[PDB]
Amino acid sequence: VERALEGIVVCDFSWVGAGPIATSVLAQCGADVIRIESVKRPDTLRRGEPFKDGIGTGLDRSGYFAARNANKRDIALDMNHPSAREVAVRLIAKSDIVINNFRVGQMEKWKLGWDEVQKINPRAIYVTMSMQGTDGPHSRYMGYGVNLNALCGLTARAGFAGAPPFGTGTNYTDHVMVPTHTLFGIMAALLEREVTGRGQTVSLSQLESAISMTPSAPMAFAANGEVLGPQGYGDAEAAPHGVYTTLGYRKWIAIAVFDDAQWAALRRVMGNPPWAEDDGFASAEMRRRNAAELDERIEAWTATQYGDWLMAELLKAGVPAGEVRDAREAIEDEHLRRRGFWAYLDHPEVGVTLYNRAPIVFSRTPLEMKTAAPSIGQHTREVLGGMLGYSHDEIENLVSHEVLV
């Protein structure tokens, strides 16, 4: 077993969203991710649904928290304790990456800004994530993923024309846009450190990471002076392109046609009904012009079909199609399971439950899923005595003073 980040150590202050999912990826690559979580301020997700069997007792039953924290170690350091900084310094001295997603200024309250980390460990990569920058009129503002969806322009362009916008239905910004840019910045600094022997700071604006993956709204306005509106489930080029009812409860199929060859294949799957042979649907331009009627006619037909059988037929004919799956269908999907995306891990409290690896299949250094999410302070003594070199007596003293739990 070869691991891409073998030997890497992460001092992980990050919590809630974005930060934790990023360090989860590092841990799947073999990095020793040491999460600092105090009993004084437990990760808010530990108290968030869903819980095993809907029983939200204690702090170790939430799948919201758990899914973001597989394969991590956890030390319960109360960073506001006067004696805590000395423990954190020992860890930073052994860490390749120091990361946090607190509000701006928090690390400096603990005298753990870059200036001090660079002196503790000139090889450390000091990673900070702010909502929208360390400085500026809005730098003290706060928000969750759904807030950044709105501020970055995504939500306005995620909805039906003429209706209230909807967004993604999730805290999307935190799940992919922010952690991926964070991870890339980390890796860039690690690659550079291989040559320079020095760490450096990596600072991300979550707002700017999100806009960087939704460029059309600002670019279209900056270039043409008009706001690019939402388009529901339609497309600007593909035709037909939409979401259509099939048989069953809240059952839809997505169908997307990009050229005349795919339109001919869709017509054949439909049984070549006379209506689809009309000159009003013969070219991509006409199918766009007549999209409303086209969608109505397609839905009249898809509503008589089983969506899985129809999807299989369309894909076999070269037409992009996909059943609109709920989460159970994703969990039970032959494809994701054969790919090994889903992973079940045992947990002393909740038993065997569902996790997933990050979406990368390495041919030589594959991701690994080894341990369920930790409890607060699960590895306090192990880390203090093993990595940080505290004597047995010093650990007992630290615990008596409640520096750690």
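Numbering starts at 1 and runs along the sequence shown.
- Mean CA B-factor, 163-171 versus 104-112: the higher value falls on 104-112.
- For the two regions 127-135 and 292-300, the entry's Cα B-factors average higher over 127-135.
- Residue-level inspection of the entry shows that, of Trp309, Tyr144, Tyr233, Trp252, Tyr144 has the top Cα B-factor.
- When the C-alpha B-factors of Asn69, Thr57, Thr353, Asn356 are ranked from the entry, the top spot goes to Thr57.
- Sort the modelled residues of the chain by CA B factor and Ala261 lands in the highest third.
- Per-chain ranking of the deposited C-alpha B factor places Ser83 in the middle third.
- Among the modelled residues of the chain, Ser283 sits in the highest third by CA temperature factor in this PDB entry.
- Annotation for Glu277: CA B-factor lies in the highest third of the chain's modelled residues.
- When the modelled residues of the chain are ordered by C-alpha B-factor, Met177 sits in the lowest third.
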